[PDB]
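Okay, here we've got a single chain as structure tokens, the form deposited in one PDB entry, with questions on binding and movement later.
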């Protein structure tokens, strides 16, 4: 782009560029970079090229500065340990800015919205000016050009993330497609503007914990959809700092999707092939910490079935001209929870994460490997553990060796079951959509919606045990992620039924988490969930394998393959109690009335009425 006009030499940052050229950038990309460099005052500007030489130089830089350690047991794997105040995506510090609040959340009838957190433009201006001026002093501003989706896909969109964290650059190279080829594809096109700072200008005003810069008291993750901007300050972690993932590919993208006729969803995508050589793609929305990654990478127990992974967390979907709902994974890697990952629960993740992977907040073994609760693989006599708090650790310490939200960040092209169409620009045709969460009582293993409207209500009605327990509402697994008013999002989903030629997927709801009276899981889950997927497959083919109930279709007796599982308390796992469901519909009704209020579509109110009526006839 061109040099800004100057009476002095205070606006052109060319002398501080240590990789790339401001003159090579598209005009509007130059203006974004240089305007924010003026505000944030970085010492240098590094324009990322996405090369393997860059990446290795970056990793070396962080290793020299003690920001990450090499895991010498594996091939090109690394470990970062954070400040314990900065360990997760933080919804209480996450906002969306629009002129009118109702564009962002429905105005609730009686209570405070739980469907988003609106901030006015003027309050955001104050917050921005209290944070960003001078915030990169003494640091490098990295410029990360990235594509969400295969480079060129009709469904793909480009962002530019400015950050002062080399951890963010390395993680974005895995999680997105990053570098010079993205700038060449973008040209003078539109892009999402992503600004990120850890909020710790040098010299440091406050103590640095574990070599991990953050500013918990000023953390703020903001989204300005009308300006196509995402501005995040004070956290270096996950969905707060890797701005392509939740901030772009769910919050900004769900609003662009509403504007443009598509969907952006917190869904895995998988391909499943049966023993008769037929393959189908499924999408599934479960809340965080409710097993999407385990399902997306399943190793099925049933012989002759195969599952392949297209993505594990975000889906972008659009009807094509033929009426098929086509989906892409806009991500380029998996940002998976590490604890609980074992050969029993996710053997294909175990395979994937031993090369080219960055781990955050797991334990390190003395021979340079990784450990966490639930890994279920013993260490040789002699090998010791350093916990994620950087302290010698043993099991008699009561605290976990890994933080419960610790992650791996691994390339998708390495997974041994990555689907052969996972980067197809046309996307994959979705034939079923699965909702679900953690329900210890009342909700059976699987049911099928009665109609598309009923299915949209079942997404709306989702609830899940918080991870005393509380049963939270998390409609469509999107509660922390709606880019705009949920009522309008329901209308958008309902409207897909009115598109001529639309081939609507079947909608299901699952529950892996039902417990008996003693608190034991009724269903063994994991790869045995292949039995539930086989039933859903047959359903999509029209098999006569369902029985009607008040909450939807369930498997007929004998319809699930439970060979090898004769031991299961089938009475309890599939049972439907009038008393539980009368209470459930009352909670659903109270939630939708308060939280969606004047923006609740008629058709969702009608499905609530019909479910109440069907339960009343039990």
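Positions refer to the first chain, counted from 1. In this text, rigid core is short for the largest set of C-alphas that superpose within 1.5 Å between two forms.
The same protein also exists as the form deposited in another entry; that form is not shown, yet it is the one meant from here on.
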Taking the rigid core as reference, which of 320, 516, 123, 91 is displaced at the C-alpha by at least 2 Å between the shown form and the other one? 516
Under a superposition restricted to the rigid core, does residue 586 display a Cα displacement of 2 angstroms or more between the shown form and the other one? no
Once you line up the core, how about residue 569: does its CA shift reach 2 Å between the shown form and the other one? yes
